[PDB]
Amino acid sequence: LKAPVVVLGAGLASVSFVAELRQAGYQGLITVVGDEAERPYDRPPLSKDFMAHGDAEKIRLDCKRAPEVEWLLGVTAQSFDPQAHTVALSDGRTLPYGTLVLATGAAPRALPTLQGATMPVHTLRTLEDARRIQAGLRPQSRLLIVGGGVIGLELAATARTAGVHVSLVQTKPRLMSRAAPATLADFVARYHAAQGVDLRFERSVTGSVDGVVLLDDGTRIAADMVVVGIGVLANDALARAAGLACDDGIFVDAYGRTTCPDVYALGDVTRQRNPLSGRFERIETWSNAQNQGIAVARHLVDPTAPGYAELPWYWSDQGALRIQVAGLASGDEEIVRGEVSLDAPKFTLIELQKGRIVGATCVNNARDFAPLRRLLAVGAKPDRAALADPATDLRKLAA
């Protein structure tokens, strides 16, 4: 930890990191460069309550635990020189650094087949995106969502509740193909179909003409607006140009270190080790952005602190479904607690691998999720009969 600290990016990972530095005792200079001209804000409401109600002052991140920080908003870091220890800014200024932190997140992947489209096509990542989408979301408008990940499905539910007709195209045979158990994915499709979502599986967009989208099966979908959500790409251009190891994501170890001395990275921009799979992955969850940011800051101030160690998890709010998912999507068996029914959905899945818990899912059952995450964390091997037994209390069993 060499002063001054410069952080590139002012999203959740960045805010979490600078607040932990200050709370841990670092009182030297901290400067944050953020390219959006927005008071730092949280993204999950953009698909839900913001999209519906429209109040951005309900979604701002609390920067109060980060006193004495200069936030350069609406400014783009254009390059950094890791030998000179400087960053070049879009406003013509240069910042010196002792420690540089790359927290630049990721940007929506574009659909090449819609690149010359003459109809409204948006992605959903920023306040500006959400505001733009809202203003075309009239009741009985027709929305096409490309991509069956959580963002798209969250938007789908919000749109339907608002009286918008929703069609959704998914290339893979299942929704949430990333980091969701098949049982959950099948149920999620059943729910959305029941809410009026027109789901098209194993189809791809081949292009568009005069307000209609074309598909690989040779068919058409007319819509007033397309929202594309087919995943994101790490914002790692600065690192690539400066000579750091990247591959759609900056490689970091558990201390947030990149291959370049005095340069760290955290959050959506990173590829990091998933302790459960033992493989490097770009983890794009809210909890990772916050918790990896805190862990890296904590170790920078106190090098005896351990590195980042959390196992990955996320939630997704999709209408009546409060979904929570932790660990791996699959193992050698799945234990199902409760019934999988559209009639007041409430159930828990547990994935096991040689008797050890390696994954869990709760749907409208937040009470069981916390003890499942603790069990997950220690690689517990409970009695599978007790794990199926609805009489069992997971909170009790967790100690």
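Numbers for residues come from their place in the sequence shown, where the first is 1.
- Comparing the deposited coordinates for 73 to 81 and 192 to 200, the stretch with the larger average C-alpha B-factor is 192 to 200.
- 322 to 330 and 212 to 220 differ in mean CA B-factor, and the higher of the two is recorded for 212 to 220.
- Within the group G293, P96, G163, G307, the record's highest C-alpha temperature factor is found at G163.
- Across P173, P108, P181, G243, the greatest Cα temperature factor reported in the deposited entry is at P173.
- Among all modelled residues in its chain, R132 ranks in the highest third by Cα B-factor.
- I151: CA B factor lies in the middle third for its chain, per the PDB record.
- The PDB entry assigns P44 a C-alpha temperature factor belonging to the lowest third of its chain's modelled residues.
- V32: CA B factor in the lowest third of modelled residues in this chain (values from the PDB entry).
- The deposited CA B-factor of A19 belongs to the lowest third of values across its chain.
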